[PDB]
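Ideal geometry is used to build each Cβ from the backbone, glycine not excepted, and the neighbour counts take in all protein chains shown. Please treat every number below as a calculation from the coordinates, not as lab data.
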Amino acid sequence: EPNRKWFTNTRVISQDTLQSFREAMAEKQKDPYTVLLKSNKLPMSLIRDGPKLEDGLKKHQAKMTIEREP
Amino acid sequence: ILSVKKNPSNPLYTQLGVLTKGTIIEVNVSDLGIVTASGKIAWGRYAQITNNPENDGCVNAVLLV
Amino acid sequence: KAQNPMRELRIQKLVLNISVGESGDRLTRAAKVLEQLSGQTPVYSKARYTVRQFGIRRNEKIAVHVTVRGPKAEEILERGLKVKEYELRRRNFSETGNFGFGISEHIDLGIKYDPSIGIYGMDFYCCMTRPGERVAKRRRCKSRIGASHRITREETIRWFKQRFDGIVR
Amino acid sequence: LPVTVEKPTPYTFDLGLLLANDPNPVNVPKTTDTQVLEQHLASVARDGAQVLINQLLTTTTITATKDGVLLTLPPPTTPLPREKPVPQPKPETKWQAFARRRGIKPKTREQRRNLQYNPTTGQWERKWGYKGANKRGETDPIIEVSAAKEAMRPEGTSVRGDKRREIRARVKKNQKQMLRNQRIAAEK
Amino acid sequence: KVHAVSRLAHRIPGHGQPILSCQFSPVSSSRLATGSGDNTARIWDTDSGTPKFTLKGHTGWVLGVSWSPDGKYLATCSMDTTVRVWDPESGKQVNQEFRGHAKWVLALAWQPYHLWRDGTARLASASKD
Amino acid sequence: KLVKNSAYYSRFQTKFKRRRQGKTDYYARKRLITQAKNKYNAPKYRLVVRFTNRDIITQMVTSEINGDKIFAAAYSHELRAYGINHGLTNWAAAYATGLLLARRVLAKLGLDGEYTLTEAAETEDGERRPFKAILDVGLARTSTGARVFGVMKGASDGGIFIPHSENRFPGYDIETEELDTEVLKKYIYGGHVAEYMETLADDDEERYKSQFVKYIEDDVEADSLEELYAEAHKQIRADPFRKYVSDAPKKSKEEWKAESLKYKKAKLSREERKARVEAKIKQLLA
Amino acid sequence: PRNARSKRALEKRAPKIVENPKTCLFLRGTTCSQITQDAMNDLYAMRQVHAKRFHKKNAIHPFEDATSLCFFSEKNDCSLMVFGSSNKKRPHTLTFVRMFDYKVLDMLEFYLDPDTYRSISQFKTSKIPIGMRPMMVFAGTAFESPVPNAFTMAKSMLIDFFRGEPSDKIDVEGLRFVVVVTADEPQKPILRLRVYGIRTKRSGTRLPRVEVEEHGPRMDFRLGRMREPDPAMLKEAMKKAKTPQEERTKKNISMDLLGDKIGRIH
RNA sequence: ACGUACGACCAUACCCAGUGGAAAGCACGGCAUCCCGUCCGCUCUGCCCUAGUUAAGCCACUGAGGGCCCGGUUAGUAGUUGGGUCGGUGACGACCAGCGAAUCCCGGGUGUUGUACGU
RNA sequence: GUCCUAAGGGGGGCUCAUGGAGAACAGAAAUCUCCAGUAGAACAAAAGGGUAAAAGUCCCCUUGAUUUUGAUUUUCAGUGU
């Protein structure tokens, strides 16, 4: 059926909430006696820290050299 | 894929999460760079499956905008 | 203080009404007559209550009227007093200073007869008003008109006599 | 000149209600001078306002947003009476008791929608309400009627009101059951 | 001290195509220049949020607008291999267009005002050629 | 029967005084001053815009328990100091008056010993906030092209945060939902009056002279109005508190007290009222 | 409630987990002095947003029959009441009535001193904005009695009167007016009500120096007759409901900083 | 003190009539191109502040009839609770206290006031 | 037995029942004009103080017929997104 709910955002998040989750992800520590019972549905690509600079350069070095010199 | 919203054939198929043609699914749109009018980040939207996954081996969907 | 120029009597509006009492083609023709007389679209009025004796029903259009202001109203009521031979009777003038009269044939008013529309009678009501009437009609700071500023039956009578050269019996 | 006062017994606070309680005695002079009386009262008021402002500016966290500078207040701790009783669950109706005993699960919001697909017309329509499927045919041009049922039909009534008759009967039964449940709950 | 901009002051329409460059006048923030893909540049009065001038004449997208350091000229470089100089307080073009680039002109740079010699200004244009 | 009797007069309940005077919409006032999304106990400001026959009144008002307080006020007759001597009620003068009130509010606040709790508890990550007000049009009709929105536009361009949309400005087209900013600029700089002057000068010279007799007498042409209003805006932004002296007679406050008390009629005392009552009784007896 | 607006009114009047701000009804008896009317006017000016005012004379004696007061609470959804009266025995009386479930929870009489009463208009200062709640300061040893008495009830009623609207945040610019109630344990003690406006000055430190200026009204009371609540009704009224946003703490179950549900194993 | 704009009490301010209004301000007013809206530019909206006029609004004073608001009186009275406290087997009759009216009558009055800008 | 782009929501303009005086048919009762009209009409409830530039009544816009999210409350879940 046609419905206006199909063309709306189902999940939204604010910049303050994203910054708080970034700080929490930075302050996360591992404890063997704590178990995960239910994951929280989060946009984890916006929360997790990015890849290392050497990896980011190395992963595009080959395509970069081919674009420079075919 | 975040969830399966509506399978057009059967609510049991929706509950089981069957991915068929015409299925409305919820997808994570963080990589698409979508913000709302209030500045909030939209990371969940609706897409419709436009192929046959059982015949194609992949799920192809179109965002409902 | 009656010599002040702001107490000069003048015509505020002239309302022309036709009460056919029946909806449909007769009311449409009456509205057409009102439109061709005035130059502006008329107004259809609905019945307030249901009367079985008069054959009318609630919320049914039974009448049509036009309100005309300016020199157009003056020329229309001049035509009407040409029809009535400039003779008015004392009960026609009201206690509030307004007056009116009804005629039986609009063809006598100066319009050519058409068999499509027919013959309609219709009534004129003229409202007389001194300058300063915005006080009781504006939205902000609306208030009452003073007692000395109100127009009386004698005042509208001799205004009619001196301005229109009519006879009041 | 100081911004901190000293009293034998410390102040207590309820920052949710912006309330400061001063348990120290207020040595009101036993004189007849209203000037020195309101001067002493103003001194006590100044002390209370000073300690309240100090407590609010030191032990409530400050957030500077576009509206302004806001202090996050704790929930109130001073006990105050309510105006109305705490909401309680309603007594179970006959259907609710029967469904609890028989294990009848409540219908989902997608299942109970007032929308359905009509195949023959190929359109989406409502089950009830204005132009609903429960009043199907009352505005169609041609309706076949069976001779036996029309012979059993009373004079004056037509087939165009049969579905409205059935709807009114069902509505009356539902209203009677609702009134019975309301009377039982009022008795309880 | 410059305080952080927090709200919309004005939203001014008028360009028919996407805006490609914008720059304030060096004299004050009251005058703004925007060059767009509708082959035009525009001077805006930002105090009242109104248009002030519309500079027409290019036949390609105006890829760059640039105020002179003294603020008396506005140079526009466009996709039609041309550069034009305009008078901002009258809206009229100064002399003619500048010809000599084979390809798309992408960027502009005025000579600094303390280096102007021979009683004239110098303008550098970088192109795709 | 008589409608106005003793029971009617006893049972009658009067309205509020300003409702009887037709000056205040209390239904709008309650929702303007006593209602809020946020309960952060902050003060609220309203921009009151009123129009007379010959003047425009703009005020910045807070509401207190014993009566409203006026934070700042600007008038269209103060615009003569900035050089506007004709058309003090038109839309351009409304814009200039709103701009003047905005600049006066900002200059009074200093955003152009006692110190506030905001300065006391300011965080290092804290920025200057704009001054906020809500529009109060009173009983005026809010149609597309009214001058209350001209005052609002002037104040917003002056720097006061007034929450608003743009569909009530001149030049807005409701079919395309788009605002014609050229028409808006024409109205801001008073070009509509200039087009009226040119149209009258071409068609009806008698009406032109009768309507714009003061413009011709003071040599104010139609083509000068744009730079005249622009210079007025620049002078308003430069010196928001310029002093203007009127042509009315000037006396001190106590001199005006004496002048008005000389014409005031005193209320009769009890002895005089009793004497008049006795005289009326004697006249009735005679 | 067939009408939608009437249904909205009924749902607003229905009991909730988080209650609405309390409403105060201001009314007077058959006889009422001008000082009592001015005192009621000052209290209404303090509480304009959440009050309703009657303007007729009511033949009500609250300590004899309060059925009419219960009817007024029913009709107006008013849980607080300020009721004025006058007599030869008590010339200036303000009766504070607090209601529960449209029934009289408790009542207290205040006897106003006519010679020391000053209205708000008699102080030439800047007044409090409409709808802005003040802070409260209660001073003296009369409010710390181990047994509940008239002074404890007066403290509770004045807190409920000046409570305003609950809010988790407040702007620092809304800390400008203070209401101070002073009362001492002991022949009858005098409860003094004053309102002040707060001015702040630099003191060379982070924390500002507070100075007060009198705003009005100036009120002196002697506490009189008192109707105490029933113990069961008081317990039911003093029950504190739990918000649905208040999590029920489960053993070895927690929510971490990322929102994940975490279990503990020993 | 007067006027204007927002107000606070919301008739001491209301209902009806008469007299006067310096200054400025309000107001009546003039004109329908543009913005805008009607059957009617009556209302609303725009343009003029020039010209006429205090005739009306508005303000002040006066006047009747009502109405309304204060203070005393009623009066600590009726009435209501209480063997309450004295007799009376008891019911009740006084008295004691606690609460506590109203009618009638008398006297006074017919608006005070905040902010801002002007005269 | 008929009729309805459903109710609802927001915004704006207006004031009602009735009485007096008037207007060809029109005459107690049709429609139009003015004045007076604390609501004496309408709409809800059962006021001992509901509502008048409105909670009444007409226009404009939505009508999407029961949205999404939730680690939270309560109940349930051999089909636990």
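Near C:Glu60, the amide H atoms lying under 5 Å from its own belong to C:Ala47; only residues 5 or more places off or on other chains count, and H is placed 1.01 Å from N.
You can think of it this way: the chain between E:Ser90 and E:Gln111 has 5.3 nm of extra reach, that is 0.36 nm per residue less the Cα-Cα gap. Of all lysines in the structure, the ones whose alpha carbon falls short of 28 Å from that of F:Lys264, not counting any fewer than 8 places away in one chain, are C:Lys1, C:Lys142, F:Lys17, F:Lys23, F:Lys250, F:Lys251, F:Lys253, F:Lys274, F:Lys280. Charges were assigned to the Cβ only: +1 to each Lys and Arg, -1 to each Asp and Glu. The resulting dipole of the protein assembly as shown about its Cα centre is roughly 6580 debye.
Here the calculated FRET efficiency for D:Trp124 and A:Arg4, from their Cβ-Cβ distance with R0 = 22 Å, stands at 0.95, rounded to the nearest 0.05. Here the 3J(HN,Hα) profile of the stretch F:98-109, calculated from phi with Karplus coefficients 6.51, -1.76 and 1.60 at θ = phi - 60°, is x, 4, 5, 5, 4, 5, 5, 5, 5, 6, 5, 6 Hz, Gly and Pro shown as x. Cross-link partners of D:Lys30 among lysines, defined as those whose alpha carbon lies under 17 angstrom from its own and excluding same-chain residues fewer than eight positions apart: G:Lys188. Working from Cα pairs under 8 Å separated by at least six residues, relative contact order for chain D is 13 percent. Placing a label point 7 Å from the Cα of E:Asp118 along the Cα-to-Cβ direction, no residue of the stretch E:47-87 has its backbone N under 18 Å from that point.
Between G:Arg5 and G:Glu64, the contour length at 0.36 nm per residue exceeds the Cα-Cα span by 17.5 nm.
Only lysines eight or more places from E:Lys92 in sequence, or on another chain, were considered; those with a Cα closer than 18 Å are E:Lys52, E:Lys56, E:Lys72.
Residues in the stretch C:114-123 carry Karplus couplings, in order, of 10, x, 5, 8, x, 10, 10, x, 6, 10 Hz; the curve used is 6.51 cos²θ - 1.76 cosθ + 1.60 with θ = phi - 60°, and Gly or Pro positions show x.
Please compute the contact order of chain B in relative form: average sequence separation of alpha-carbon pairs under 8 Å and at least six residues apart, divided by the residue count, as a percent.
Values: 119 pairs, mean separation 18.5, N = 65.
The normalised contact order for chain B reaches 28 percent.
If you plug the beta carbon distance of F:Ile134 and D:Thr61 into 1/(1 + (r/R0)^6) with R0 = 51 Å, you get a FRET efficiency near 0.95.
Among rounded, prolate and oblate, which fits the stretch E:49-96 when a ≥ b ≥ c are the square roots of the eigenvalues of its C-alpha gyration tensor, a/c under 1.5 means rounded, and a/b larger than b/c means prolate? Show your work: numbers first, answer last.
Working: a/c = 1.62, a/b = 1.33, b/c = 1.22.
Prolate, because a/c is 1.5 or more and a/b exceeds b/c.
Between F:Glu259 and D:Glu110, the simple label model (points 7 Å from Cα in the Cβ direction) yields a spacing of 8.3 nm. Between the alpha-carbon centres of the stretch C:76-140 and the stretch F:18-81 there is a gap of 47 Å.
What ranking do B:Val62, E:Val105 get, fewest neighbouring Cβ atoms within 10 angstrom at the top? Each step should come with its number before you reach the end.
On the way: B:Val62 10, E:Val105 25.
The fewest-first ordering by Cβ neighbours comes to B:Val62, E:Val105.
Less than 5 angstrom separates the built amide H of E:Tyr73 from those of E:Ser68, all sequence-distant by 5 or more or on a different chain. Derived scalar couplings between HN and Hα for the stretch G:120-137 equal 5, 6, 7, 10, 9, 9, 6, 9, 7, x, 5, x, 8, 7, x, 7, 10, 10 Hz in order, rounded to whole Hz, by the Karplus curve 6.51 cos²θ - 1.76 cosθ + 1.60 (θ = phi - 60°), x for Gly and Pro. Approximating the spin labels as points 7 Å out from Cα along Cα→Cβ, the D:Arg100-to-D:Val171 distance works out to 3.2 nm. Rounded, prolate or oblate: which fits the stretch F:17-284, taking a ≥ b ≥ c as square roots of the Cα gyration tensor eigenvalues, rounded meaning a/c under 1.5, else prolate when a/b beats b/c? The shape class here is oblate.
Once you have a ≥ b ≥ c as the square roots of the Cα gyration tensor eigenvalues for chain G, tell me rounded if a/c is under 1.5, and otherwise prolate or oblate according to whether a/b is larger than b/c.
Numbers: a/c = 1.73, a/b = 1.24, b/c = 1.39.
In terms of gyration-tensor shape, oblate.
Placing a label point 7 Å from the Cα of F:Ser165 along the Cα-to-Cβ line, the residues of the stretch F:118-156 whose backbone N sits under 16 Å from it are F:135, F:142-146, F:149. Taking label positions 7 Å along the Cα-Cβ direction at both G:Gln122 and G:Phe71, the computed distance is 3.7 nm, reported to one decimal. With the cut-off at under 16 Å, measuring from each backbone N in the stretch G:68-102 to a point 7 Å along the Cα-to-Cβ line of G:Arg225 picks out G:68-70, G:82-98.
Over 18 Å between C-alpha atoms is what I'm after, so list which of G:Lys7/G:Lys75; A:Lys5/D:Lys127; F:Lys132/G:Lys127; F:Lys262/G:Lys124 land there. Mind dumping the intermediate values first?
Values: G:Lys7/G:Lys75 16 Å; A:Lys5/D:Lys127 21 Å; F:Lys132/G:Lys127 21 Å; F:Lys262/G:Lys124 30 Å.
From the list (G:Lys7/G:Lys75; A:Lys5/D:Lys127; F:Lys132/G:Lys127; F:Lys262/G:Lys124), the Cα-Cα distance tops 18 Å for A:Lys5/D:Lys127; F:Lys132/G:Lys127; F:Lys262/G:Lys124.
Here G:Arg199 and D:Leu37 are evaluated by their C-beta separation; at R0 = 22 Å the FRET efficiency comes out at 0.55.
Amide H contacts of B:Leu19 (H built 1.01 Å from N, in plane; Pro and chain starts excluded): no residue 5 or more places away or on another chain comes under 5 Å.
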